[PDB]
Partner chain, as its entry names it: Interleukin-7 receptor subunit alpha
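Shown below, as structure tokens, is a lone chain in the form solved without its partner chain; questions about how it binds or moves come after it.
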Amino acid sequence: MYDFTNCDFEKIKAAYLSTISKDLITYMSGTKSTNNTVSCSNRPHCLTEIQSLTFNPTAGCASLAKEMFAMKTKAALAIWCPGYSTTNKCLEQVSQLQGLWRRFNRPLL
């Protein structure tokens, strides 16, 4: 229900580059996403999708909230979003997650 419209996107990006990214890659056995099934159309939308994939259980993967990258993500949102606060099927989910973060990190004009 929470819209990430009022979040501090620049700060969350900085948090990703400094911490969350490394925990994603290590969880991915040292690999980076390149077949996309999920996308995002803007920074508020990306965080909505990142929220769902990171914390909500889906039919195919249990909640990743216990994972390191997930706790780092929870931390970043708690600070910068006001009012906010391994199976083959899970690796596929986290790879989609790297894809969303990549889009979220895109340069401003």
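Residue numbers count along the first chain shown, from 1.
What comes next is about the form deposited with its partner chain bound, which is not displayed.
Using a 4.5 Å cutoff between non-hydrogen atoms, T87 does not count as a contact of its partner chain in the entry with it bound.
Contact check for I79: a non-hydrogen atom falls within 4.5 Å of its partner chain in the entry with it bound.
Residue contact with its partner chain in the entry with it bound: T26 places a heavy atom within 4.5 Å of it. The closest non-hydrogen atom of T19 lies within 4.5 Å of its partner chain in the entry with it bound. In the entry with it bound, its partner chain lies within 4.5 angstroms of at least one heavy atom of each of the following residues of 37-74: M68, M71, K72, in sequence order.
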